[PDB]
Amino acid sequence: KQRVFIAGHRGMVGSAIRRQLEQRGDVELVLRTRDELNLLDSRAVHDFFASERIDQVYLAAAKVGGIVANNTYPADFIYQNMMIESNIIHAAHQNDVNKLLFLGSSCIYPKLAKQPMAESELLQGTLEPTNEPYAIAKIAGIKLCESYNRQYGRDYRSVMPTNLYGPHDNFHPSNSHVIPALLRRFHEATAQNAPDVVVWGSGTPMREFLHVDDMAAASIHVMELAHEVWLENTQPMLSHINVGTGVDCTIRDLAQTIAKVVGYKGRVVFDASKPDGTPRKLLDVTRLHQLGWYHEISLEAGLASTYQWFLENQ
C-alpha cells in the first residue's frame, strides 16, 4: 500500500486525482488542508515529510488565477509558486521520497510557439506578459525536478496540461476562463429569456480543452509508468509531457455547443469589433499517446456533466 500525498487535494485538479485514487486499495492517501498545513512554510513542510512516511507526491497545490489576478498581483503568483514547489521538492528529497508528479501548464510556452506545440517549444522564446511571473515559477518548478533527477537519480516527473474544465472550477461570468464563464452566462440568459448573448470577437480562433477527469487519469497513468519506459520516452533535460486532446475547436463551436448544452434558445452573437487572440493554440500530445494514453471524454459529454455539477452546486 503506497503512501500518496496529494498536495492541494481540494483544488480542482487535486480533488480530481483524489477521486480516482480514492477507489484504489493499493493506495493510502495522505492529505492536509491549508489550515492543517501551509506549504509556504518550509519548516512545516519539512516536519510533515519528516513524520509521515510518504512514497509518492502529486504536486497539485498552487496559487492560480485569471487574467485580472495575474495582472494585479504578479509578486504573489511568482513568489508563492516558487516557494511551494521549492519547499515540497526539497523536503521530499531529504526524506527520500523518490516519486513525484509536478504539474505545469500550457501557458508556460512562448507567445508565438509553433502549433501544435511539442514539448521542445519550451523556453524557445518570449512569454505572454499576463502569465509571465506565473510561467517563470512553473518552469523553475520543472527545472528543479530535472535537476534532482540528474544529480541525485530521483524520479520526479512532469505533465503540462492544456485548458481544463470540470467540477470545482470557478463558475463565474466574472472568471477569465471561457467554459465556466460561458456555462454561467448561457445559464442565466436561458433563465431570463435573454434574446441573445454577445461574445466579444470573431469566434474564429482555435483552442484546446480537456475535462479535468481526463487530466487526472493522465497524471496517474504518467506517474505510474515504469521508470524505464518513461526514460525511453523523455530526455532528462526535456522531461515534461503535454497532456490534452491535440484537437482544435473554434470559440464559435464552443459557444454554440455550450448554448445547446444549457438548453438556451436565444441567439449566440459574436462582436467582431473586438480583437481576437492568436488564431491557434494547442498541444502536440504525440509523446503521451506513444506512452499509451488517449483522452476519453468528448467536449460535448464533458460539458453536459460539468453543467449538472454546477446545477448540483450553485
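All residue numbers refer to positions in the sequence shown, first residue = 1.
When the C-alpha B-factors of 258-266 and 26-34 are averaged, 26-34 comes out higher. Stretches 107-115 and 166-174 differ in mean CA B factor, with 166-174 having the higher one. Per the PDB entry, 193 shows the highest C-alpha temperature factor of the residues 235, 193, 204, 72. Residue-level inspection of the entry shows that, of 50, 40, 64, 60, 50 has the top Cα B-factor. Among all modelled residues in this chain, the alpha-carbon of residue 15 has a temperature factor (C-alpha) in the middle third. The entry lists a Cα temperature factor for residue 147 that places it in the lowest third of the chain's modelled residues. In the deposited entry, the Cα temperature factor of residue 285 sits in the bottom third of values across the chain's modelled residues. In the deposited entry, the Cα temperature factor of residue 80 places it in the lowest third of its chain's modelled residues.
The entry lists a Cα temperature factor for residue 197 that places it in the highest third of the chain's modelled residues.
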